[PDB]
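Take a look at this one chain, the form deposited in one PDB entry, written out in structure tokens.
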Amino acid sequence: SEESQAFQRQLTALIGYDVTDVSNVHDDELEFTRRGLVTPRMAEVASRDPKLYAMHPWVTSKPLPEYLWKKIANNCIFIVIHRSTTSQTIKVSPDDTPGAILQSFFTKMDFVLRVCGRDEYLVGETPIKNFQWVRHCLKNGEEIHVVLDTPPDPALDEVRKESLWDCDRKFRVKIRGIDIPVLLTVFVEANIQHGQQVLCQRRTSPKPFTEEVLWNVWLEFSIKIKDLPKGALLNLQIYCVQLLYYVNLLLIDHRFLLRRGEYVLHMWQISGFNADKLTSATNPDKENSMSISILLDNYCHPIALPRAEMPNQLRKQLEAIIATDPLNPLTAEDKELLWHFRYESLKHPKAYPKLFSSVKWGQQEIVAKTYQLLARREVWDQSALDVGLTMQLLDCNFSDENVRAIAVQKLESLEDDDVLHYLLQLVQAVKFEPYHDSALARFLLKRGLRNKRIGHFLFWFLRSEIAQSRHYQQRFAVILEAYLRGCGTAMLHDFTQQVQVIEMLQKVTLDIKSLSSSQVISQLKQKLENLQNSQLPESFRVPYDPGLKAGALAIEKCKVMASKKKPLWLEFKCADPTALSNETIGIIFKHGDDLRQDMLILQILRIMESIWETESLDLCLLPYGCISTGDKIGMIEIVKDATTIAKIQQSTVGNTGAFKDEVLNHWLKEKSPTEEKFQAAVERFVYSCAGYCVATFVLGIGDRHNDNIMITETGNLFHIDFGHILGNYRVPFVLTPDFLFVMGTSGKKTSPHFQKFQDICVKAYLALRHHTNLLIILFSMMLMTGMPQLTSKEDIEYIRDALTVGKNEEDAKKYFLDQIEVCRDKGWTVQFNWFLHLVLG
């Protein structure tokens, strides 16, 4: 079929990698997974409601918060229905269904209610208070604008036509030798690993370091063939003592067969603990990489793989073990305790990650007992889903499919709003899966095909990894292709325009970067005008905001910015004529910063805002849109009406460390029309400042430069450029005299706003502390999947101190107030030093 072959070249263009390309494979796992996923894909496409899928209603089950309830008139919401040039406002009870909001339009004085200017529809049996746009409208005090129109054709989402246990011998590997085409002493270290657990360790004799070093040794391991668990790795490492190269091979394949034969595995080098050290993929660059030659006995061959009481002090020992943070290491005593009292540990879902890390995986009867333990899962299965507990079972410490599957089972019960909250980190969690085909990969795939919004983000999350990870590109490319073959031609067409546009805008960014002024300013418009001609589509969906349709460029407004990395400031017209405003879509296109790092941080800010929403706290964070498109390249959402803290100083001062305290509050009044607005801008400042002080403190990205703190003309403060301190790594946070001056404090003093501040801080900080485990795991996972070199295990443990684990609320309240005071003690010291360092040298 030729129309099927041309379609593969389109998929290959959308993916950014050729999924058929067999040059970098040593087995059919990727083919077996491409084939393996055909069923979940066909089962979700067939099960989905075409109408609900066509319109992707964005709904939450969460109770409407208090701060949103108080903003109500009196059990009444004002919805402004539009049409052509007619606009009739209707009073509607928060509990009112959008179907009845038509019955209160066709009887009060077939057709769908779409938001004005957005591809966002208010459909299905859900109270309007439960729509995410509605809740967004209440928060920002915006008006609920709806334009009545026709439901999209669900025929546009049309999808195109489609024994190991009996051999008691000790395991062995023959290390033939290693070869590097260019250029000491050298040894091969072979390890039998099961999720961070090293079952056995062998080494070769140190030979001289030459372009070809041979051994012909049979390395015998202490573990028997029968004791090998499904998920075990053979980790090959080259030392010279300094590690230089690594490669991994799964011992038991995707078919449950033990590994036999000859393998020439090309090796991954070491640059400069992370997820890339765990890859089953081989280095694609053959011409320059080091390879290892090995043999595994191709024998016959096919070897396939198939309560009482407790003393007070022991129970008190177990309880103190179970109620410990995810990062506290377990000692051999703790592990022996947990395992002996395993049936008692099962009644405590919180214990599962610690109980499963007590299992000796290099022992078959032990692993068999662990399966008996999982058949008595009841408590876990019954319990109210805990994400932080679920994620602990998806980390690098778990290599058993069955242990991992119980966490994926817990995720099935997540509503879409929640899937979107944890999507970026569930996608990064795929890097920890022993096999390409997993319960997690299938989960991600089902959810994306079931919802266009999860699907839009899945695509960019996966695309970003395929574009910049050689260790994971193959695995991700197989999940992307599986998604793209079940989303619809409408989605396929959407993704097409987006890729086409973003790929053009990346060329522009890099060409402009090369020339580094009057000369450059010209080239900008010169290049942008050629694109707007015909090749570039009329409009395109915004990758960080799928609800928006970005039309033609505002060439006039578009500019190259004054920075080391020369970024593009682009402006786009809203392609939707139903838009209640002529406000542009501002996007920054940048090369230099690692936007992967920003994304991970931005997503943690969203989770922190959600932890605050559950405890009636709105800390006014601005976690702006950010989509990494490739290596050190991607896009940033422009936050409107915003300046940097440094430029505000540069205004009433001028390119010096002479930092005036008066400056901020001045600019705030200068940019406020009424004093009612100024009071609210100060109210926003106090709230946003506490939020970034706490968040920044917890994440440990607190010591920042003024140039990386932004403020809106409406008082909202926000941090920018996270992939800069994390890109290349004192005060706990930025709480400068200009910030304290806005709060009504000069030197060591107190005011009604500074007391307001400290109370919000302590409330916010104690709210995050109730989610210790969750924040720890996320932080730990972000460091492993997204942070290069910033690992060690010690960088991870920073979060324990910040979250003040082990301490009580009163002691925690005390600890945060100290930090607030070290900010007052330092004043402008750190800022002036940052200016000295960054601006000068």
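Start at 1 and count along the sequence shown; that's the residue number. The term rigid core refers to the most C-alpha atoms you can superpose between the two forms while keeping them within 1.5 Å.
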Unmodelled in at least a third of other entries of this protein, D166: yes
Taking the other compared PDB entries with both flanking residues modelled, is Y729 unmodelled in at least a third? yes
If I compare the deposited sequence with the modelled residues, how many are absent between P306 and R307: none, 1 to 3, 4 to 9, or 10 or more? 10 or more
Going by the PDB record, how many residues of the deposited sequence fall between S516 and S517 without any coordinates: none, 1 to 3, 4 to 9, or 10 or more? 4 to 9
Per the record, averaged over C-alpha atoms, which has the higher B-factor: 111 to 119 or 587 to 595? 111 to 119
Comparing 790 to 798 with 24 to 32, where is the mean C-alpha B-factor higher? 790 to 798
Per the entry, which of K549, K224, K446, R160 tops the list for Cα B factor? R160
Per the deposited B-factor column, the C-alpha that peaks among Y544, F432, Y472, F106 belongs to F106
Split into thirds by Cα B-factor across the chain's modelled residues, where does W58 land: lowest, middle or highest? middle
Going by the CA temperature factor in the PDB record, which third of the chain does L64 belong to: lowest, middle or highest? highest
By the entry's values, the third containing the CA B factor of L52 is the middle
Lowest, middle or highest third: which one holds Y729 when the chain's residues are ordered by CA B-factor from the entry? highest
Among all modelled residues of this chain, ranked by Cα B factor, put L783 in the bottom, middle or top third, i.e. lowest, middle or highest. lowest
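Missing here is the form deposited in another entry; even so, the following discussion is about that form.
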Scan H82, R684, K207, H136 for the one whose CA shifts by 2 Å or more between this form and the one not shown after superposing the rigid core, and name it. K207
